[PDB]
């Protein structure tokens, strides 16, 4: 009887702290699905949006009377809980989905504002040829002043107009992002840019500066490799790229396939680390699919770096299929 149809609701409980207020070594998240009309159900856990493998959780369904109830328990290390990740319990039931999320409760006193200033990316500098720098202001407490953000150059020369975006975050904080276009010649010849930040709730101004990294230059070497085919990887293959011996550390790494620049999200790429000698190195890992290599069996690891010649780029291709 339709009038008796009962939709699931979703609630997450967590392992309690002890009598001292301390976390247990492991945290259980228990996703409870309230009594609902019987019918196929599936529970999926997400970590910061990413599907977690079902291995990490267990699910149990009970029916008592005319209502079904389901719970799923996810177990996490204290370390991971304390890293402030967000976990989502996703329930799919007869069509649409229901969900709930949780993370470590926020600390008592939200701390103060901080600001970060980034250099242009090599990609923007050399490929797009529209370099910008970004001043990011975080941990703002809303409904106060406005947070003044002013750009200037060491030379005293004029700055271009910047864009400004304010975003309310889930944890209740505010971030303010200002992006400033910089002259290409200006940047490359060593101009210094300053972001100056002020707010009523701030005692003295925050001042951040950025300029091209000085010192020795060296071009990157690029090497792309495929893991072998084996029973555990018949319709997917893992590619890897090692980029090394470059200086300074500023580099942009992308994977290209079939005239498309793949989304950054597709690969896991390390931040530059010093070699055992001179220069830096980065590793990139990219999992590809059969559909991709059957479309075009060519995957290109490309590095953009000021010291690569002729055109600030070095790349290597890898194929996974004999043809």
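Positions refer to the first chain, counted from 1.
- Item | Which of 64-72 and 285-293 has higher mean CA B factor, as the PDB entry lists it | Averaging CA B-factors over each stretch, the winner is 64-72.
- Hey, which bit's got the bigger mean C-alpha B factor in the entry, 152-160 or 199-207? Here the higher of the two C-alpha B-factor means belongs to 199-207.
- Task: Going by the CA temperature factor in the entry, name the top one among 263, 272, 279, 39.
- Result: In the PDB entry, the greatest C-alpha B-factor among 263, 272, 279, 39 is found at 39.
- Message: Just to confirm, going by the entry's C-alpha B-factors, which of 184, 121, 227, 143 comes out highest?
- Response: Of the candidates given, the C-alpha B-factor peaks at 143.
- Message: Lowest, middle or highest third: which one holds residue 82 when the chain's residues are ordered by CA B-factor from the entry?
- Response: Answer is highest: the recorded C-alpha B-factor places it there.
- Message: For the chain shown, is the CA B-factor of residue 127 in the lowest, middle or highest third of its modelled residues?
- Response: Its C-alpha B-factor belongs to the middle third of this chain's values.
- Message: Test of reading the entry: by CA B factor among the chain's modelled residues, which third contains residue 320?
- Response: For residue 320, the deposited C-alpha B-factor lands in the middle third.
- Item | Chain-relative CA temperature factor third for residue 252 | Bottom third by C-alpha B-factor.
- Item | residue 139, C-alpha B-factor rank within chain (lowest, middle or highest third) | Highest third, going by the recorded CA B-factors of the chain.
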